[PDB]
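Residue strings, one per chain:
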Amino acid sequence: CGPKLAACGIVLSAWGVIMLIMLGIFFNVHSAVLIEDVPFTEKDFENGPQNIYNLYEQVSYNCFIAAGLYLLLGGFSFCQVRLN
Amino acid sequence: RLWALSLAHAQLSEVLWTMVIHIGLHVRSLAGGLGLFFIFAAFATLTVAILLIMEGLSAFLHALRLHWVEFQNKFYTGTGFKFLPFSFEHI
Amino acid sequence: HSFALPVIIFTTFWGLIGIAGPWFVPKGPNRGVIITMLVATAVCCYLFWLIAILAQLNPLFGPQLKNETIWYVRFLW
Amino acid sequence: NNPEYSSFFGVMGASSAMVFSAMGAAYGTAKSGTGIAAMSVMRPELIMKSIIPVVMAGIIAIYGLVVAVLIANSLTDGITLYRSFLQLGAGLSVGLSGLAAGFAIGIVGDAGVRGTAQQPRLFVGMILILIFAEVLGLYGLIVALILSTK
Amino acid sequence: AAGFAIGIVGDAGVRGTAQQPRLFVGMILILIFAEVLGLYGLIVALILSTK
Amino acid sequence: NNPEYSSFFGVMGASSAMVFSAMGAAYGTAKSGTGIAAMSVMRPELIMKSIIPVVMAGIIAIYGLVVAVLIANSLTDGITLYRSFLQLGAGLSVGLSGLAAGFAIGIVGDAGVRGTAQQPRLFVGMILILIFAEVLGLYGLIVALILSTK
Amino acid sequence: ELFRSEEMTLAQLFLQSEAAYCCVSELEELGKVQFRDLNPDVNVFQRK
Amino acid sequence: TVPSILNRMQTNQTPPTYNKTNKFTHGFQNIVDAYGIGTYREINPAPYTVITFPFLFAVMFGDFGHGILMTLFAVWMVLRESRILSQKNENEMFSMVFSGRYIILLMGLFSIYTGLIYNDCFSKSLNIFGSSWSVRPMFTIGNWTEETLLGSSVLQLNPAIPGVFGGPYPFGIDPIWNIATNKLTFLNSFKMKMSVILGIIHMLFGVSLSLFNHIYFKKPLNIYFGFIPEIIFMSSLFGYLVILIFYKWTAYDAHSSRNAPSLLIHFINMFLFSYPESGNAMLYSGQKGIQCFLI
């Protein structure tokens with residue numbers, strides 16, 4: 001490891017948590033600038049927006065879960081920076 | 001040069017989004033969360049190396065190029081001896 | 001109402017930073033640097049925003065959008 | 001009205017704006033990187049001054065990008081054959097002028113960096129020579145923007 | 001073009017680095033200024049293939 | 001009335017005015033630049049005098065830009081082939097006379113700098129030699145101004 | 001004021017040779033001063 | 001006993017050059033001195049540089065995401081300052097970036113400011129800004145109404161015509177210009193014209209600093225035969241170019257877009273005394289006389 005990798009994991013932890021929560025929020029508000037980013041399909045035009053909204057909800061959860069992995073990288077790296 | 005560097009920086013960032021971050025989004029929670037973590041870590045590494053370091057140094061030097069040349073050459077004559085006093089403060 | 005009022009507000013905010021800001025500066029050798037720093041900050045920040053507004057005014061063409069995006073904006077706004 | 005076999009020239013414009021400027025920046029970078037590498041042995045402190053020719057090469061590729069993108073956004077199905085040649089002339093005029101500048105910086109970057117390590121006063125001379133080399137990329141962009149918008 | 005730049009810079013840079021280990025960080029910067037030409041070639045190619 | 005494809009030669013005029021002049025100014029700057037770098041080690045005082053060859057190579061790029069602008073601001077869809085040939089002729093006349101001038105500036109600039117390093121009295125001779133290299137760009141320019149306005 | 005290069009003056013100093021060592025020491029301790037060379041013959045075996 | 005007197009000399013050689021420094025201003029002075037050292041009583045670029053360098057950089061570097069990253073890095077070096085001053089100095093790169101910490105902070109902060117107004121984080125917008133753009137119901141008014149049918153099958157353009165368009169806009173770049181396919185045309189028109197305008201402004205400041213330099217040296221001839229004809233030459237080109245740009249942004253609009261004149265062509269035509277009597281119309285009354293007078 002070394003203190004260098006622990007500092008990298010701290011920086012990646014802070015940035016990752018910030019940005020993945022911001023994206024999780026932008027997906028939760030169904031933001032139009034994310035229409036290309038959501039993995040939509042030819043069936044997600046049927047009856048109304050409810051189908052695409054369920055995918056926006058899925059990618060919103062995925063981003064909040066991904067921020068949780070950067071919290072684990074945080075806790076690990078805040079150990080490693082003291083252990084190395 | 002202002003426009004030129006801005007377009008490069010913006011489109012370098014755009015492609016780094018388009019063929020990294022976009023790939024991490026998936027229709028299942030576990031696969032999406034894991035994909036996003038590794039994809040964004042790769043994005044951060046490349047974003048730092050290309051944009052924050054290398055295009056940072058480019059914009060640093062070009063901003064100073066415009067500043068030293070196409071600004072300062074209108075008024076700063078820039079010819080003279082540096083003040084180098086004889087002192088015990090150099091000990 | 002007119003967009004001139006937001007322009008007057010923004011112009012007044014940076015105008016005070018470029019005038020009243022200098023009038024709050026202390027004494028001692030750093031004063032002339034701090035005055036110039038405040039003045040030039042107001043100048044450069046104001047000009048960048050002013051050019052952006054003038055380019056945003058009176059567009060000679062609008063946005064163009066992909067088939068799926070120009071559909072989904074029917075419901076998302 | 002407009003023929004096909006016609007958007008081709010504007011595409012060769014966008015391509016050549018990126019290709020010959022990438023060649024210009026590659027010569028600029030290859031020669032400057034050779035000079036910097038061989039120099040750093042005798043003067044390891046000098047690198048972050050002497051990297052400037054490499055950056056003055058990186059901008060030539062970006063002058064290619066500016067025109068290349070400007071052309072590629074201005075392409076359309078059935079584009080008038082006139083506009084298509086203006087985009088070819090733009091693309092070559094940045095592309096090959098950026099190639100000229102890429103040589104001009106690559107050569108004076110290798111020699112200027114080597115000389116600067118043998119004599120530190122040369123650094124001001126070298127960066128002044130690099131302005132007069134890098135401006136050849138600019139003059140390709142100037143005419144290319146004129147041809148792209150005419 | 002980027003390949004030519006990486007080839008010359010990789011050779012001259014590794015040789016300089018082995019004589020003088022200070023060069024390595026400088027060589028990485030100059031290598032990014034070579035590698036990015038391929039990425040500019042990509043930026044233009046992704047635009048051209050879609051617009 | 002006037003043909004499609006008629007603007008192509010006028011575009012190649014705007015391009016060649018630039019490209020060949022940038023190649024002339026690139027040679028002139030590259031070759032004189034390596035001379036200045038190698039000289040400066042022995043003679044640090046001469047650096048700021050020794051830029052004149054580079055400055056005169058810069059003027060060959062200017063003569064290429066002047067014509068390239070005067071061609072490019074004079075293109076249209078309906079261009080009579082006569083006006084389009086005049087623009088090709090102009091663009092080659094300044095482009096290649098600028099190249100010739102630039103090739104001369106590079107060679108006389110380097111020799112003139114290395115000579116001035118060893119013997120400062122050459123500097124007046126180096127300017128007089130160099131005037132007769134840079135004026136070839138001006139004669140190319142005159143013929144291109146004439147042709148592009150016939 | 002820092003918008004322009006700071007004001008200075010050249011002065012000529014009359015020095016008694018026993019005071020001179022201590023005078024130079026106090027000038028270098030003050031440290032605000034730069035000397036002008038009046039001895040073109042200065043070299044390793046020619047310096048006073 | 002000899003007090004060791006002196007006199008102030010009059011027949012002087014040019015004295016050495018100096019300016020005071022502090023934690024913030026030191027880096028900004030170093031980047032001046034590395035390019036050159038002023039003459040005696042010459043204007044110091046460093047106080048103007050404190051902003052001007054961070055500004056040119058943040059125009060080059062105006063991504064809100066990178067603005068945060070650059071700020072976090074520089075803030076970390078400032079907060080850890082008293083620790084880092086005790087650490088290794090033999091890493092010259094780490095020592096150099098730490099020596100830049102305050103100038104690096106200011107350029108990073110301005111890159112947030114430019115990033116916000118340019119409305120770019122990682123090539124994405126912030127949704128905090130309102131809409132100038134038109135929702136689909138706005139096309140139902142018969143005017144351009146085929147958009148409402150064609151949009152279900154093919155690419156379509158907003159014309160920005162009055163009654164369809166949202167009118168004048170008080171925020172930065174509209175969020176819509178990140179998702180639109182034509183965005184680069186509009187955004188490059190902005191960055192191109194902006195780069196011209198800022199460059200003109202900085203050259204006009206540079207000649208104004210030349211006047212202050214010539215006043216500080218108290219030379220009548222340098223002002224009267226230097227600055228006066230210099231600024232008249234510059235203003236007689238530059239003022240017209242900026243006036244034309246600002247006039248187009250006020251007098252023209254979407255419905256005027258067909259046959260709208262080209263700014264660059266009017267500038268070159270002015271410089272050449274060569275309006276073509278045909279094609280693109282003159283921009284204002286008496287303009288041919290004005291062009292001739294200015295050049």
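Residues numbered from 1 in each chain as written, not as in the entry; some residues may be left out. Chains lettered and ligands numbered in written order. Part of a larger assembly, values for the part shown. Heavy atoms only, no water. Residues with missing side-chain atoms left out of burial classes, pairs and counts.

## Side note on a nonpolar patch on the surface
All names here are of chain A.
Working step 1: Where nonpolar side chains cluster on the molecular surface, the patch consists of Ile 21, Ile 25, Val 29, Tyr 61, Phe 64 and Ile 65 and spans about 520 Å² of accessible area.
Working step 2: When residues of the nonpolar patch are assigned to their parent elements, the largest contribution, 3 residues, is made by helix α2 (residues 50-83).
Working step 3: Tracing the backbone through its elements, the reader meets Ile 21 in helix α1 (residues 2-28).
Working step 4: What makes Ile 21 partly exposed here is its relative accessible area of 35%. (Patch = residues over 30% accessible without salt bridge, like charges linked within 9 Å, V, L, I, M, F, W, Y side chains within 5 Å. Areas by Shrake-Rupley, 256 points an atom, 1.4 Å probe, with all protein chains shown as cover. Salt bridge = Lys/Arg side-chain N within 4 Å of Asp/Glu carboxyl O. Helix = DSSP H or I, 4+ residues; strand = E, 2+ residues; numbered from the N terminus. Buried < 20%, exposed > 50% of the residue type's maximum accessible area, 1.4 Å probe, protein only.)

## What to know about the UniProt feature "transmembrane region" (unreviewed entry) in chain A
Residues and elements named next belong to chain A.
Working step 1: As annotated in UniProt, the feature "transmembrane region" (unreviewed entry) corresponds to residues 6-27 and 59-83 in the numbering used here.
Working step 2: Across residues 6-27, helical content stands at 100% and strand content at 0%; the span's end C-alpha atoms are separated by 31 Å.
Working step 3: Split by type, residues 59-83 is 100% helix and 0% strand. Its first and last C-alpha atoms lie 36 Å apart. (UniProt positions renumbered as here; feature names shortened; annotations may be inferred.)

## Points about the packing of helix α2 (residues 29-68) of chain B against helix α3 (residues 64-79) of chain H
Working step 1: Close contact between α2(B) and α3(H) brings their axes to 11 Å; oriented N to C, the two are set at 90 degrees. As summarised for this structure, α2(B) and α3(H) are arranged roughly perpendicular, according to the angle between their axes. Contact with α2(B), carried on its side by B:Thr47, B:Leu51 and B:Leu52, involves H:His66, H:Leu69 and H:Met70 of α3(H) and no other residues of that element.
Working step 2: Partitioning the contact of α2(B) with α3(H) into residue classes produces 4 nonpolar, 2 polar and no charged. (Axes fitted to C-alpha atoms, helices over the stretch in contact; angles between N-to-C directions. Parallel < 35°, antiparallel > 145°, perpendicular 65-115°, else oblique. Contact = heavy atoms within 4.5 Å. Nonpolar A, V, L, I, M, F, W, Y, C, P; charged D, E, K, R; others polar.)

## Here's the deal with the environment of B:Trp68
Working step 1: On the secondary structure map, B:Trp68 appears in helix α2.
Working step 2: For B:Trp68, a relative accessible area of 9% puts it in the buried group.
Working step 3: Taking the C-alpha atoms as reference, B:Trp68 lies 53 Å from B:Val27; in sequence the two are 41 residues apart.
Working step 4: Not counting residues within four places of it along the chain, the set of residues in contact with B:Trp68 comprises B:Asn73, H:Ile31 and H:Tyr35.
Working step 5: Engagement of the side chain of B:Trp68 in a polar contact is seen with the backbone oxygen of H:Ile31, the distance being 2.8 Å. (Polar contact = N/O pair within 3.5 Å; in protein donor to acceptor, adjacent residues only side chain to side chain.)

## Description of the nonpolar core
Working step 1: In this structure, A:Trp15, B:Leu12, B:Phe40, D:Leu136, E:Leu37, E:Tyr40 and H:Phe53 are the most contacted members of the largest nonpolar core, which totals 252 residues.
Working step 2: At 18 residues, the largest contribution of residues to this core is made by helix α3 (residues 52-74) of chain D.
Working step 3: With near-sequence residues (within four places) excluded, A:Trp15 lies in contact with A:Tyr70, B:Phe40, B:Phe43, B:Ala44, H:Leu69 and H:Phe122. (Core = buried A, V, L, I, M, F, W, Y, C linked by side-chain atoms within 4.5 Å.)

## As for the pattern of salt bridges
Working step 1: Evaluated as defined, the whole model comprises 17 salt bridges over all chains.
Working step 2: A salt bridge links C:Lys66 to A:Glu36, with the nearest nitrogen and oxygen atoms 2.8 Å apart. Highlighted residues: C:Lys66 in the loop between β1 (64-65) and α4 (67-76) and A:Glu36 in the loop between α1 and α2, drawn from two different chains.
Working step 3: A residue is classified by how much of its surface remains accessible, and C:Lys66, at 38% relative accessible area, is partly exposed.
Working step 4: Here F:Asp110 ties to F:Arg114 by a salt bridge, and the two come within 2.8 Å at their closest N and O atoms.

## Side note on helix α9 (residues 183-216) of chain H
Working step 1: End to end, α9(H) covers 49 Å across 34 residues, agreeing with the expected 50 Å (1.5 Å per residue, within 8%).
Working step 2: One or two positions beyond α9(H), positive phi appears at H:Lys218, with a value near 55 degrees. (Expected span 1.5 Å × (residues − 1).)

## Describing the packing of aromatic side chains
Think of a pair of aromatic rings as described by two things: how far the centres are apart, and how the planes are tilted against each other in angle.
Working step 1: For the coordinates displayed, the defined rule picks out 42 aromatic pairs over all chains.
Working step 2: On the basis of an interplanar angle of 25 degrees and a centroid distance of 4.7 Å, the ring pair of A:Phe45 and C:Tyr72 is categorised as stacked. With A:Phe45 in the loop between α1 and α2 and C:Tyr72 in helix α4, this residue pair bridges two chains.
Working step 3: Classification of A:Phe45 by relative accessible area gives partly exposed; the value is 32%.
Working step 4: Residues B:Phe71 and B:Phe75 carry aromatic rings whose centres are separated by 4.9 Å and whose planes lie at 70 degrees to one another, so their mutual orientation is edge-to-face. Neither B:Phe71 nor B:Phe75 differs from the other in exposure class; each is buried.
Working step 5: Geometry around D:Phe123 places D:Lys49 over its ring, the cationic atom sitting 5.5 Å from the centre.
Working step 6: The ring of H:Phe98 is capped by H:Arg101, whose NZ or CZ atom sits 4.0 Å from the centre of that ring. (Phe/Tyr/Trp six-rings, centres within 6.5 Å; stacked < 30°, edge-to-face > 60°. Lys NZ or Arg CZ within 6 Å of the ring centre and 35° of its normal.)

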